[PDB]
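One chain follows as structure tokens, the form deposited in one PDB entry.
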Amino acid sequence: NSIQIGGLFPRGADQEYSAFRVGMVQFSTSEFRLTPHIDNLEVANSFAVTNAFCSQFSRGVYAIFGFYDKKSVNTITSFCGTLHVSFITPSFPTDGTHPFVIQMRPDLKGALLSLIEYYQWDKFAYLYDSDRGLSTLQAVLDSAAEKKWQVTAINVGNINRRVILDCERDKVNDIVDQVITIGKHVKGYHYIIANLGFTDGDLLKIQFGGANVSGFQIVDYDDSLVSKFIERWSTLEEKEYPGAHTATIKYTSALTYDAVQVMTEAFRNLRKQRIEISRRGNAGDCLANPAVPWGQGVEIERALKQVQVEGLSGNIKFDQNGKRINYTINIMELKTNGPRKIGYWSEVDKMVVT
């Protein structure tokens, strides 16, 4: 039979939607068909997000794949928790209690703290914006006081030589451009770029003026799964799949493809347990208070969190709060030849060289 799911995409997230579509084809099975209902909206607009969520809810969707941002994350978490509708997302993870949110993106805070320690930094700047949450800010401040670090933590998000940049890609360019412009000790700087897409396109087109640059990567192109994927992705018709026909894939797009794998696996597992996922009967007003307890929702959430598969972002496994666990983050440096992996980080071993 067909299983209804929702898709909540930001306007302009073209590559991610192409990755979603490619995943829908790749992970298709004879057992059931995933029938997606797509909405494109401004995810920063909580009213619009509410409208889209309610639309999906009323179509009886069994799960929603989508994105949020700092302004709408609370709408998503509260509506998911209230209605027992699972939201699977490549957006920034959160540390709070968020039943019914499955976060495809691994937490970077631990790898970042381990890297600062690996380079033996004790004095540095953390230049950040709030677009990916403030948990990383809090974690840096916590560790600073513990290890006697002197940290200069500046919010660059509202603006009209060891440096961590945890900000929008546009701002990285502006900041580095400024350092090279000043012309003082340009090569003596060391930037750590606090995101999971070191080699994703744009970042390494920046002229760093010979400074040291380090970062992180969750998609390992040496992986058999990934190289095989890229072999096909790199030859797709860009007209048909905007953002495709590239040698690399943004990590958010890779997580979107992986999310389709996770959803498919969850529904396969529910089918194996004879848990009904065919079609919801009558869904009342979305904004009914109190909300009606939808029973299947709890099992669907459990099944999504129970999934274990290997994808483009490596080993995928979740804890009871929908957070990635048992993952690995590759630590990268920009060498004179190009970006190179210098080691990796996992929960159990922290940072391991080579």
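Basically, rigid core = biggest C-alpha set you can superpose within 1.5 Å across the two forms. In case it trips you up, residue 1 is the first one in the sequence shown, and so on.
The form deposited in another entry is left out here; the points below concern that form.
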Against the rigid core, a Cα displacement of 2 Å or more between the shown form and the other one applies to just one of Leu196, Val179, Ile192, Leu270. Which? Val179
With the core lined up, does the C-alpha of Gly243 move 2 Å or more between the shown form and the other one? no
Would you say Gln207 moves between the shown form and the other one, meaning its CA shifts by 2 Å or more once the core is fitted? yes
Align on the rigid core first; then say whether the Cα of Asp122 has moved by at least 2 Å between the shown form and the other one. no
With a difference of at least 3 Å, the CA distance of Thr89 and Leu204 in the other entry shows the atoms farther
Please check whether, in the other entry, the CA atoms of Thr248 and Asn173 lie closer or farther apart than here, given a change of 3 Å or more. closer
